[PDB]
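Just my_file-v6.pdb here, PDB, C-alpha atoms:
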ATOM      1  CA  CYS A   1       2.715   3.641 -14.526  1.00  0.00           C
ATOM      2  CA  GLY A   2       3.534   1.125 -11.789  1.00  0.00           C
ATOM      3  CA  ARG A   3       6.500  -0.570 -10.126  1.00  0.00           C
ATOM      4  CA  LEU A   4       7.196  -3.374 -12.568  1.00  0.00           C
ATOM      5  CA  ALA A   5       6.797  -1.075 -15.565  1.00  0.00           C
ATOM      6  CA  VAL A   6       9.379   1.334 -14.148  1.00  0.00           C
ATOM      7  CA  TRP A   7      11.824  -1.473 -13.246  1.00  0.00           C
ATOM      8  CA  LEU A   8      11.469  -3.016 -16.751  1.00  0.00           C
ATOM      9  CA  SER A   9      12.170   0.391 -18.282  1.00  0.00           C
ATOM     10  CA  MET A  10      15.168   0.663 -15.920  1.00  0.00           C
ATOM     11  CA  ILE A  11      16.689  -2.558 -17.265  1.00  0.00           C
ATOM     12  CA  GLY A  12      15.565  -1.657 -20.810  1.00  0.00           C
ATOM     13  CA  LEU A  13      13.098  -4.489 -21.397  1.00  0.00           C
ATOM     14  CA  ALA A  14       9.934  -2.344 -21.162  1.00  0.00           C
ATOM     15  CA  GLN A  15       8.808  -3.975 -24.420  1.00  0.00           C
ATOM     16  CA  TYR A  16       7.884  -7.008 -22.375  1.00  0.00           C
ATOM     17  CA  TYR A  17       5.640  -5.285 -19.829  1.00  0.00           C
ATOM     18  CA  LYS A  18       2.304  -5.985 -21.533  1.00  0.00           C
ATOM     19  CA  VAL A  19       3.465  -9.406 -22.651  1.00  0.00           C
ATOM     20  CA  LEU A  20       4.670 -10.225 -19.108  1.00  0.00           C
ATOM     21  CA  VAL A  21       1.450  -8.978 -17.521  1.00  0.00           C
ATOM     22  CA  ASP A  22      -0.996 -10.482 -19.994  1.00  0.00           C
ATOM     23  CA  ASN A  23       0.374 -13.824 -18.786  1.00  0.00           C
ATOM     24  CA  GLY A  24       0.083 -12.879 -15.148  1.00  0.00           C
ATOM     25  CA  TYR A  25       3.609 -11.725 -14.368  1.00  0.00           C
ATOM     26  CA  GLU A  26       2.164  -8.537 -13.007  1.00  0.00           C
ATOM     27  CA  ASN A  27       3.813  -8.155  -9.576  1.00  0.00           C
ATOM     28  CA  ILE A  28       7.446  -7.207  -9.274  1.00  0.00           C
ATOM     29  CA  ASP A  29       7.353  -9.152  -6.005  1.00  0.00           C
ATOM     30  CA  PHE A  30       6.505 -12.308  -7.874  1.00  0.00           C
ATOM     31  CA  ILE A  31       8.353 -11.614 -11.096  1.00  0.00           C
ATOM     32  CA  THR A  32      11.261 -13.579  -9.671  1.00  0.00           C
ATOM     33  CA  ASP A  33       9.723 -17.012 -10.304  1.00  0.00           C
ATOM     34  CA  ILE A  34       9.847 -16.730 -14.120  1.00  0.00           C
ATOM     35  CA  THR A  35      11.593 -19.749 -15.549  1.00  0.00           C
ATOM     36  CA  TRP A  36      13.306 -20.206 -18.871  1.00  0.00           C
ATOM     37  CA  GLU A  37      10.373 -22.205 -20.182  1.00  0.00           C
ATOM     38  CA  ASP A  38       7.944 -19.496 -19.013  1.00  0.00           C
ATOM     39  CA  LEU A  39       9.588 -16.918 -21.227  1.00  0.00           C
ATOM     40  CA  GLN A  40       9.697 -19.362 -24.102  1.00  0.00           C
ATOM     41  CA  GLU A  41       5.945 -19.915 -23.653  1.00  0.00           C
ATOM     42  CA  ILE A  42       5.182 -16.229 -23.173  1.00  0.00           C
ATOM     43  CA  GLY A  43       6.788 -15.362 -26.507  1.00  0.00           C
ATOM     44  CA  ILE A  44       9.925 -13.675 -25.147  1.00  0.00           C
ATOM     45  CA  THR A  45      11.656 -15.473 -28.019  1.00  0.00           C
ATOM     46  CA  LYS A  46      14.954 -13.538 -28.411  1.00  0.00           C
ATOM     47  CA  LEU A  47      17.527 -15.655 -26.619  1.00  0.00           C
ATOM     48  CA  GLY A  48      19.528 -12.486 -25.903  1.00  0.00           C
ATOM     49  CA  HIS A  49      16.596 -10.890 -24.145  1.00  0.00           C
ATOM     50  CA  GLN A  50      15.733 -14.195 -22.436  1.00  0.00           C
ATOM     51  CA  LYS A  51      19.260 -14.355 -20.958  1.00  0.00           C
ATOM     52  CA  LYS A  52      19.238 -10.606 -20.140  1.00  0.00           C
ATOM     53  CA  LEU A  53      15.810 -10.479 -18.462  1.00  0.00           C
ATOM     54  CA  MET A  54      16.716 -13.626 -16.515  1.00  0.00           C
ATOM     55  CA  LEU A  55      19.992 -12.132 -15.286  1.00  0.00           C
ATOM     56  CA  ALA A  56      18.249  -8.860 -14.323  1.00  0.00           C
ATOM     57  CA  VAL A  57      15.647 -10.846 -12.336  1.00  0.00           C
ATOM     58  CA  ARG A  58      18.463 -12.723 -10.591  1.00  0.00           C
ATOM     59  CA  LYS A  59      19.860  -9.324  -9.603  1.00  0.00           C
ATOM     60  CA  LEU A  60      16.427  -8.064  -8.570  1.00  0.00           C
ATOM     61  CA  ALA A  61      16.211 -11.081  -6.272  1.00  0.00           C
ATOM     62  CA  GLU A  62      19.627 -10.487  -4.708  1.00  0.00           C
ATOM     63  CA  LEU A  63      18.653  -6.820  -4.515  1.00  0.00           C
ATOM     64  CA  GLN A  64      15.607  -7.300  -2.266  1.00  0.00           C
ATOM     65  CA  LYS A  65      18.255  -8.029   0.465  1.00  0.00           C
ATOM     66  CA  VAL A  66      -6.365 -22.918   3.458  1.00  0.00           C
ATOM     67  CA  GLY A  67      -8.060 -20.002   1.831  1.00  0.00           C
ATOM     68  CA  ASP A  68      -5.849 -17.938   4.135  1.00  0.00           C
ATOM     69  CA  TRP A  69      -2.617 -18.940   2.282  1.00  0.00           C
ATOM     70  CA  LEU A  70      -4.059 -17.850  -1.099  1.00  0.00           C
ATOM     71  CA  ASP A  71      -4.312 -14.292   0.206  1.00  0.00           C
ATOM     72  CA  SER A  72      -0.675 -14.443   1.392  1.00  0.00           C
ATOM     73  CA  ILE A  73       0.518 -14.899  -2.198  1.00  0.00           C
ATOM     74  CA  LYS A  74      -2.087 -12.472  -3.598  1.00  0.00           C
ATOM     75  CA  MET A  75      -3.872 -15.402  -5.218  1.00  0.00           C
ATOM     76  CA  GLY A  76      -7.256 -14.998  -3.541  1.00  0.00           C
ATOM     77  CA  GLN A  77      -9.192 -15.085  -6.810  1.00  0.00           C
ATOM     78  CA  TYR A  78      -8.280 -18.740  -7.123  1.00  0.00           C
ATOM     79  CA  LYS A  79      -9.827 -19.619  -3.742  1.00  0.00           C
ATOM     80  CA  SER A  80     -13.072 -20.211  -5.577  1.00  0.00           C
ATOM     81  CA  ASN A  81     -11.286 -22.618  -7.971  1.00  0.00           C
ATOM     82  CA  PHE A  82      -9.615 -24.590  -5.184  1.00  0.00           C
ATOM     83  CA  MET A  83     -12.794 -25.124  -3.211  1.00  0.00           C
ATOM     84  CA  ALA A  84     -14.841 -25.990  -6.312  1.00  0.00           C
ATOM     85  CA  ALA A  85     -12.164 -28.621  -7.109  1.00  0.00           C
ATOM     86  CA  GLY A  86     -11.917 -29.983  -3.550  1.00  0.00           C
ATOM     87  CA  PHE A  87      -8.354 -28.924  -2.830  1.00  0.00           C
ATOM     88  CA  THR A  88      -9.027 -27.665   0.717  1.00  0.00           C
ATOM     89  CA  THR A  89      -6.401 -29.859   2.463  1.00  0.00           C
ATOM     90  CA  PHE A  90      -2.785 -28.806   2.386  1.00  0.00           C
ATOM     91  CA  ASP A  91      -1.883 -32.499   1.909  1.00  0.00           C
ATOM     92  CA  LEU A  92      -3.555 -32.463  -1.482  1.00  0.00           C
ATOM     93  CA  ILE A  93      -2.016 -29.031  -2.243  1.00  0.00           C
ATOM     94  CA  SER A  94       1.412 -30.404  -1.365  1.00  0.00           C
ATOM     95  CA  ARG A  95       1.337 -32.835  -4.316  1.00  0.00           C
ATOM     96  CA  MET A  96      -0.404 -30.506  -6.809  1.00  0.00           C
ATOM     97  CA  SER A  97       1.035 -30.646 -10.321  1.00  0.00           C
ATOM     98  CA  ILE A  98       1.273 -27.489 -12.327  1.00  0.00           C
ATOM     99  CA  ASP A  99      -1.195 -29.177 -14.653  1.00  0.00           C
ATOM    100  CA  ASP A 100      -3.409 -29.890 -11.659  1.00  0.00           C
ATOM    101  CA  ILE A 101      -3.258 -26.144 -10.975  1.00  0.00           C
ATOM    102  CA  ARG A 102      -3.866 -25.435 -14.635  1.00  0.00           C
ATOM    103  CA  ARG A 103      -6.604 -28.082 -14.782  1.00  0.00           C
ATOM    104  CA  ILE A 104      -8.667 -26.580 -11.933  1.00  0.00           C
ATOM    105  CA  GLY A 105      -8.775 -23.330 -13.868  1.00  0.00           C
ATOM    106  CA  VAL A 106      -5.761 -21.190 -13.039  1.00  0.00           C
ATOM    107  CA  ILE A 107      -5.094 -20.266 -16.662  1.00  0.00           C
ATOM    108  CA  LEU A 108      -2.475 -17.492 -16.486  1.00  0.00           C
ATOM    109  CA  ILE A 109       1.014 -19.054 -16.776  1.00  0.00           C
ATOM    110  CA  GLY A 110       2.353 -16.413 -14.340  1.00  0.00           C
ATOM    111  CA  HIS A 111      -0.305 -16.817 -11.629  1.00  0.00           C
ATOM    112  CA  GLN A 112      -0.053 -20.575 -11.935  1.00  0.00           C
ATOM    113  CA  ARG A 113       3.714 -20.159 -11.632  1.00  0.00           C
ATOM    114  CA  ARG A 114       3.273 -18.041  -8.496  1.00  0.00           C
ATOM    115  CA  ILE A 115       1.087 -20.624  -6.867  1.00  0.00           C
ATOM    116  CA  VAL A 116       3.045 -23.717  -7.925  1.00  0.00           C
ATOM    117  CA  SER A 117       6.318 -22.402  -6.608  1.00  0.00           C
ATOM    118  CA  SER A 118       4.699 -21.214  -3.331  1.00  0.00           C
ATOM    119  CA  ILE A 119       3.679 -24.830  -2.715  1.00  0.00           C
ATOM    120  CA  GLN A 120       7.230 -26.043  -3.413  1.00  0.00           C
ATOM    121  CA  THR A 121       8.453 -23.440  -0.932  1.00  0.00           C
ATOM    122  CA  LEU A 122       5.988 -24.772   1.627  1.00  0.00           C
ATOM    123  CA  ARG A 123       7.406 -28.251   1.108  1.00  0.00           C
ATOM    124  CA  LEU A 124      10.678 -26.870   2.629  1.00  0.00           C
TER     125      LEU A 124
ATOM    126  CA  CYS B   1      27.753  -6.508  -1.839  1.00  0.00           C
ATOM    127  CA  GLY B   2      25.139  -3.889  -0.949  1.00  0.00           C
ATOM    128  CA  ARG B   3      22.056  -2.187  -2.377  1.00  0.00           C
ATOM    129  CA  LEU B   4      23.639   0.486  -4.536  1.00  0.00           C
ATOM    130  CA  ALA B   5      26.210  -1.938  -5.928  1.00  0.00           C
ATOM    131  CA  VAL B   6      23.464  -4.338  -7.013  1.00  0.00           C
ATOM    132  CA  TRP B   7      21.328  -1.548  -8.538  1.00  0.00           C
ATOM    133  CA  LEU B   8      24.364  -0.159 -10.448  1.00  0.00           C
ATOM    134  CA  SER B   9      25.078  -3.648 -11.775  1.00  0.00           C
ATOM    135  CA  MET B  10      21.376  -3.880 -12.716  1.00  0.00           C
ATOM    136  CA  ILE B  11      21.596  -0.759 -14.887  1.00  0.00           C
ATOM    137  CA  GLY B  12      25.075  -1.795 -16.097  1.00  0.00           C
ATOM    138  CA  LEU B  13      27.101   1.062 -14.621  1.00  0.00           C
ATOM    139  CA  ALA B  14      28.785  -0.997 -11.866  1.00  0.00           C
ATOM    140  CA  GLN B  15      32.095   0.507 -13.017  1.00  0.00           C
ATOM    141  CA  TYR B  16      31.098   3.651 -11.184  1.00  0.00           C
ATOM    142  CA  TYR B  17      30.396   2.097  -7.781  1.00  0.00           C
ATOM    143  CA  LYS B  18      33.790   2.795  -6.193  1.00  0.00           C
ATOM    144  CA  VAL B  19      34.052   6.133  -7.949  1.00  0.00           C
ATOM    145  CA  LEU B  20      30.524   7.086  -6.799  1.00  0.00           C
ATOM    146  CA  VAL B  21      31.187   5.986  -3.223  1.00  0.00           C
ATOM    147  CA  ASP B  22      34.669   7.431  -2.844  1.00  0.00           C
ATOM    148  CA  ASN B  23      32.955  10.793  -3.355  1.00  0.00           C
ATOM    149  CA  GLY B  24      30.218  10.022  -0.879  1.00  0.00           C
ATOM    150  CA  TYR B  25      27.433   8.825  -3.156  1.00  0.00           C
ATOM    151  CA  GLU B  26      27.156   5.736  -1.039  1.00  0.00           C
ATOM    152  CA  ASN B  27      23.420   5.474  -0.256  1.00  0.00           C
ATOM    153  CA  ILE B  28      20.956   4.459  -2.917  1.00  0.00           C
ATOM    154  CA  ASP B  29      18.457   6.553  -0.953  1.00  0.00           C
ATOM    155  CA  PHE B  30      20.529   9.638  -1.555  1.00  0.00           C
ATOM    156  CA  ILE B  31      21.954   8.757  -4.942  1.00  0.00           C
ATOM    157  CA  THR B  32      19.102  10.718  -6.480  1.00  0.00           C
ATOM    158  CA  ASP B  33      20.616  14.152  -5.799  1.00  0.00           C
ATOM    159  CA  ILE B  34      23.566  13.694  -8.193  1.00  0.00           C
ATOM    160  CA  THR B  35      23.712  16.604 -10.584  1.00  0.00           C
ATOM    161  CA  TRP B  36      25.324  16.869 -13.977  1.00  0.00           C
ATOM    162  CA  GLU B  37      28.190  18.872 -12.530  1.00  0.00           C
ATOM    163  CA  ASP B  38      28.672  16.275  -9.768  1.00  0.00           C
ATOM    164  CA  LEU B  39      29.377  13.562 -12.297  1.00  0.00           C
ATOM    165  CA  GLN B  40      31.651  15.869 -14.235  1.00  0.00           C
ATOM    166  CA  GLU B  41      33.582  16.527 -11.007  1.00  0.00           C
ATOM    167  CA  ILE B  42      33.580  12.885  -9.941  1.00  0.00           C
ATOM    168  CA  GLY B  43      35.236  11.830 -13.195  1.00  0.00           C
ATOM    169  CA  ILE B  44      32.215  10.137 -14.789  1.00  0.00           C
ATOM    170  CA  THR B  45      33.488  11.762 -17.984  1.00  0.00           C
ATOM    171  CA  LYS B  46      31.756   9.737 -20.755  1.00  0.00           C
ATOM    172  CA  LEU B  47      28.820  11.874 -21.812  1.00  0.00           C
ATOM    173  CA  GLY B  48      26.964   8.698 -22.824  1.00  0.00           C
ATOM    174  CA  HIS B  49      27.310   7.250 -19.357  1.00  0.00           C
ATOM    175  CA  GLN B  50      26.549  10.648 -17.788  1.00  0.00           C
ATOM    176  CA  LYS B  51      23.240  10.795 -19.704  1.00  0.00           C
ATOM    177  CA  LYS B  52      22.518   7.090 -19.020  1.00  0.00           C
ATOM    178  CA  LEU B  53      23.260   7.117 -15.274  1.00  0.00           C
ATOM    179  CA  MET B  54      21.235  10.328 -14.961  1.00  0.00           C
ATOM    180  CA  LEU B  55      18.237   8.818 -16.752  1.00  0.00           C
ATOM    181  CA  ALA B  56      18.455   5.634 -14.634  1.00  0.00           C
ATOM    182  CA  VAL B  57      18.498   7.767 -11.455  1.00  0.00           C
ATOM    183  CA  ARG B  58      15.446   9.658 -12.722  1.00  0.00           C
ATOM    184  CA  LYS B  59      13.736   6.277 -13.079  1.00  0.00           C
ATOM    185  CA  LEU B  60      14.969   5.143  -9.668  1.00  0.00           C
ATOM    186  CA  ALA B  61      13.342   8.267  -8.244  1.00  0.00           C
ATOM    187  CA  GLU B  62      10.014   7.668  -9.985  1.00  0.00           C
ATOM    188  CA  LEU B  63      10.368   4.036  -8.927  1.00  0.00           C
ATOM    189  CA  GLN B  64      10.438   4.687  -5.167  1.00  0.00           C
ATOM    190  CA  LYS B  65       6.678   5.480  -5.651  1.00  0.00           C
ATOM    191  CA  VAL B  66      19.568  21.045  15.046  1.00  0.00           C
ATOM    192  CA  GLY B  67      21.822  18.096  15.542  1.00  0.00           C
ATOM    193  CA  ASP B  68      18.604  16.090  15.274  1.00  0.00           C
ATOM    194  CA  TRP B  69      18.139  16.933  11.538  1.00  0.00           C
ATOM    195  CA  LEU B  70      21.677  15.722  10.688  1.00  0.00           C
ATOM    196  CA  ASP B  71      20.712  12.235  11.841  1.00  0.00           C
ATOM    197  CA  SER B  72      17.567  12.357   9.661  1.00  0.00           C
ATOM    198  CA  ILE B  73      19.707  12.621   6.520  1.00  0.00           C
ATOM    199  CA  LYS B  74      22.345  10.192   7.854  1.00  0.00           C
ATOM    200  CA  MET B  75      24.781  13.085   8.159  1.00  0.00           C
ATOM    201  CA  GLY B  76      25.491  12.835  11.881  1.00  0.00           C
ATOM    202  CA  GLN B  77      29.265  12.816  11.437  1.00  0.00           C
ATOM    203  CA  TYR B  78      29.044  16.431  10.356  1.00  0.00           C
ATOM    204  CA  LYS B  79      27.315  17.499  13.592  1.00  0.00           C
ATOM    205  CA  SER B  80      30.755  18.080  15.033  1.00  0.00           C
ATOM    206  CA  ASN B  81      31.628  20.333  12.055  1.00  0.00           C
ATOM    207  CA  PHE B  82      28.445  22.392  12.323  1.00  0.00           C
ATOM    208  CA  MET B  83      28.817  23.088  16.019  1.00  0.00           C
ATOM    209  CA  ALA B  84      32.542  23.857  15.730  1.00  0.00           C
ATOM    210  CA  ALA B  85      31.612  26.388  13.000  1.00  0.00           C
ATOM    211  CA  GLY B  86      28.664  27.906  14.896  1.00  0.00           C
ATOM    212  CA  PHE B  87      25.907  26.800  12.547  1.00  0.00           C
ATOM    213  CA  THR B  88      23.468  25.720  15.286  1.00  0.00           C
ATOM    214  CA  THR B  89      20.537  27.932  14.156  1.00  0.00           C
ATOM    215  CA  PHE B  90      18.382  26.794  11.284  1.00  0.00           C
ATOM    216  CA  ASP B  91      18.297  30.440  10.109  1.00  0.00           C
ATOM    217  CA  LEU B  92      22.006  30.287   9.387  1.00  0.00           C
ATOM    218  CA  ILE B  93      21.600  26.790   7.860  1.00  0.00           C
ATOM    219  CA  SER B  94      18.854  28.124   5.605  1.00  0.00           C
ATOM    220  CA  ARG B  95      21.300  30.419   3.767  1.00  0.00           C
ATOM    221  CA  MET B  96      24.285  28.018   3.748  1.00  0.00           C
ATOM    222  CA  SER B  97      26.207  27.965   0.473  1.00  0.00           C
ATOM    223  CA  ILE B  98      27.585  24.715  -0.785  1.00  0.00           C
ATOM    224  CA  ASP B  99      30.969  26.350  -0.309  1.00  0.00           C
ATOM    225  CA  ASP B 100      29.947  27.249   3.230  1.00  0.00           C
ATOM    226  CA  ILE B 101      29.228  23.535   3.695  1.00  0.00           C
ATOM    227  CA  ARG B 102      32.489  22.674   1.996  1.00  0.00           C
ATOM    228  CA  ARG B 103      34.326  25.373   3.963  1.00  0.00           C
ATOM    229  CA  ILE B 104      33.279  24.050   7.394  1.00  0.00           C
ATOM    230  CA  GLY B 105      34.809  20.718   6.458  1.00  0.00           C
ATOM    231  CA  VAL B 106      32.275  18.550   4.662  1.00  0.00           C
ATOM    232  CA  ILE B 107      34.728  17.447   1.982  1.00  0.00           C
ATOM    233  CA  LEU B 108      32.937  14.626   0.134  1.00  0.00           C
ATOM    234  CA  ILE B 109      31.087  16.093  -2.886  1.00  0.00           C
ATOM    235  CA  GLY B 110      28.279  13.537  -2.356  1.00  0.00           C
ATOM    236  CA  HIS B 111      27.745  14.124   1.379  1.00  0.00           C
ATOM    237  CA  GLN B 112      27.921  17.857   0.822  1.00  0.00           C
ATOM    238  CA  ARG B 113      25.386  17.371  -1.970  1.00  0.00           C
ATOM    239  CA  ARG B 114      23.113  15.409   0.375  1.00  0.00           C
ATOM    240  CA  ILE B 115      23.203  18.113   2.980  1.00  0.00           C
ATOM    241  CA  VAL B 116      22.926  21.109   0.643  1.00  0.00           C
ATOM    242  CA  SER B 117      19.865  19.782  -1.102  1.00  0.00           C
ATOM    243  CA  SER B 118      18.215  18.781   2.223  1.00  0.00           C
ATOM    244  CA  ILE B 119      18.426  22.444   3.241  1.00  0.00           C
ATOM    245  CA  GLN B 120      16.855  23.543  -0.060  1.00  0.00           C
ATOM    246  CA  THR B 121      14.082  21.029   0.589  1.00  0.00           C
ATOM    247  CA  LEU B 122      13.573  22.532   4.036  1.00  0.00           C
ATOM    248  CA  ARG B 123      13.204  25.951   2.435  1.00  0.00           C
ATOM    249  CA  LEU B 124       9.981  24.568   0.818  1.00  0.00           C
TER     250      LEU B 124
END
Target format structure tokens, applied to this file:
Amino acid sequence: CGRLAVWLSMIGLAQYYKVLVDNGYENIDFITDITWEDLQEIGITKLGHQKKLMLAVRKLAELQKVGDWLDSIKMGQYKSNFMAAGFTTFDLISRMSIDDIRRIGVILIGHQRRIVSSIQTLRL
Amino acid sequence: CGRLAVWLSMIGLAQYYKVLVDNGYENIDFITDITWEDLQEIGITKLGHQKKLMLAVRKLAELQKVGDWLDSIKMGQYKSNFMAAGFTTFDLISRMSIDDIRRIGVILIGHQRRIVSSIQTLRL
């Protein structure tokens, strides 16, 4: 298959590919945001695997060594949502809750992770 | 540390970093040439780990999805050797044995792997 699939096989957690994708952890680039609670929610229930996957991701991270902005994080689909909900100004984006993101219709836990943490980033 | 070190830690065979380097498997780009016999020689003696490392490398490969030529494979140091030994013509290079490579003074098993298989490549 793809890049994530291969990497997951490499670390031995291929089992979680479909799971991880079906909740919008589909891009190895943006797999690195997953948070403990995200795996809990996603049904990666084995604490062993939670710890392991998390560690692997930490290593993957070390390893890498406006509508416009939505494209930058590969979140263009949601541009529609944001405009329909009147979130054009960055000011308003700056104080977006994850619920706010969820509430305007970004359902996938992963996506909504990707976008919430990109905002936080933009704070700094 | 570096890129190989991190990847080896990721697949759990960090033990073999120094070993792998000290025999000139130092570049993740060119780790993919290692052959069964190379690990045997290098002292990666556990058949389990031999199989495992080899599989991981196979995945790493799928994952990636003249003096002049020596530079291309990051083997410039050996340019001296080749000229001192009168291996300037590609014809002669084409039929180089690994011993021939070894015999002209490319000691490190890894390096000499990198260069021998680059020739084979250039045959096709």
First collect every listed atom of segment 78-81 of chain A; then fit an axis-aligned box around them, widen it by 5 Å on each side, and give centre and edge lengths in Å to one decimal, as JSON.
{"center_x": -10.7, "center_y": -20.7, "center_z": -5.9, "size_x": 14.8, "size_y": 13.9, "size_z": 14.2}
| task | Run the ChimeraX specification (/A :<10) & /B against the file shown and list the residues it catches, as an MDAnalysis selection string. | result | chainID B and resid 1:7 9:12 55:65
Taking the file as shown, find all residues satisfying the PyMOL selection byres ((chain A and resi 113) around 10) and write them as a PDB file with C-alpha atoms, in the frame of the given file.
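Saved file selection.pdb follows:
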ATOM      1  CA  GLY A  24       0.083 -12.879 -15.148  1.00  0.00           C
ATOM      2  CA  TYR A  25       3.609 -11.725 -14.368  1.00  0.00           C
ATOM      3  CA  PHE A  30       6.505 -12.308  -7.874  1.00  0.00           C
ATOM      4  CA  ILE A  31       8.353 -11.614 -11.096  1.00  0.00           C
ATOM      5  CA  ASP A  33       9.723 -17.012 -10.304  1.00  0.00           C
ATOM      6  CA  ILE A  34       9.847 -16.730 -14.120  1.00  0.00           C
ATOM      7  CA  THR A  35      11.593 -19.749 -15.549  1.00  0.00           C
ATOM      8  CA  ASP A  38       7.944 -19.496 -19.013  1.00  0.00           C
ATOM      9  CA  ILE A  98       1.273 -27.489 -12.327  1.00  0.00           C
ATOM     10  CA  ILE A 101      -3.258 -26.144 -10.975  1.00  0.00           C
ATOM     11  CA  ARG A 102      -3.866 -25.435 -14.635  1.00  0.00           C
ATOM     12  CA  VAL A 106      -5.761 -21.190 -13.039  1.00  0.00           C
ATOM     13  CA  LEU A 108      -2.475 -17.492 -16.486  1.00  0.00           C
ATOM     14  CA  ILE A 109       1.014 -19.054 -16.776  1.00  0.00           C
ATOM     15  CA  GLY A 110       2.353 -16.413 -14.340  1.00  0.00           C
ATOM     16  CA  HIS A 111      -0.305 -16.817 -11.629  1.00  0.00           C
ATOM     17  CA  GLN A 112      -0.053 -20.575 -11.935  1.00  0.00           C
ATOM     18  CA  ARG A 114       3.273 -18.041  -8.496  1.00  0.00           C
ATOM     19  CA  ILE A 115       1.087 -20.624  -6.867  1.00  0.00           C
ATOM     20  CA  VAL A 116       3.045 -23.717  -7.925  1.00  0.00           C
ATOM     21  CA  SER A 117       6.318 -22.402  -6.608  1.00  0.00           C
ATOM     22  CA  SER A 118       4.699 -21.214  -3.331  1.00  0.00           C
TER      23      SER A 118
END
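When atom CA of residue 74 of chain B is paired with atom CA of residue 28 of chain B, their separation reads 12.3 Å.
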| query | Closest to residue 121 of chain A among A:53, A:85, A:14, A:73, using only C-alpha atoms? | reply | A:73
Assuming the chain letters and numbering stay as they are in my file, what does the PyMOL selection byres ((chain A and resi 69) around 12) actually select? List them as a short mmCIF file (atom, residue, chain, number, x, y, z; two decimals) with C-alpha atoms, keeping the file's coordinate frame.
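Okay, this is what ended up in out-v1.cif:
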data_model
loop_
_atom_site.label_atom_id
_atom_site.label_comp_id
_atom_site.auth_asym_id
_atom_site.auth_seq_id
_atom_site.Cartn_x
_atom_site.Cartn_y
_atom_site.Cartn_z
CA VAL A 66 -6.36 -22.92 3.46
CA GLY A 67 -8.06 -20.00 1.83
CA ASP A 68 -5.85 -17.94 4.14
CA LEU A 70 -4.06 -17.85 -1.10
CA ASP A 71 -4.31 -14.29 0.21
CA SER A 72 -0.68 -14.44 1.39
CA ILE A 73 0.52 -14.90 -2.20
CA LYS A 74 -2.09 -12.47 -3.60
CA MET A 75 -3.87 -15.40 -5.22
CA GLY A 76 -7.26 -15.00 -3.54
CA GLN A 77 -9.19 -15.08 -6.81
CA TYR A 78 -8.28 -18.74 -7.12
CA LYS A 79 -9.83 -19.62 -3.74
CA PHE A 82 -9.62 -24.59 -5.18
CA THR A 88 -9.03 -27.66 0.72
CA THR A 89 -6.40 -29.86 2.46
CA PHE A 90 -2.78 -28.81 2.39
CA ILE A 93 -2.02 -29.03 -2.24
CA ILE A 115 1.09 -20.62 -6.87
CA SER A 118 4.70 -21.21 -3.33
CA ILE A 119 3.68 -24.83 -2.72
CA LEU A 122 5.99 -24.77 1.63
#
| field | Selection: 12 Å around residue 48 of chain A, only C-alpha atoms, excl. self and same-chain fewer than 6 positions, as a ChimeraX atom specification | value | /A:13,39,54-55
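Take atom CA of residue 49 of chain B and atom CA of residue 21 of chain B: the distance between them is 16.6 Å.
The nearest approach to residue 123 of chain A among the residues A:27, A:94, A:99, A:104, with all atoms listed in the file taken into account, belongs to A:94.
The spacing separating atom CA of residue 80 of chain A from atom CA of residue 18 of chain A amounts to 26.3 Å.
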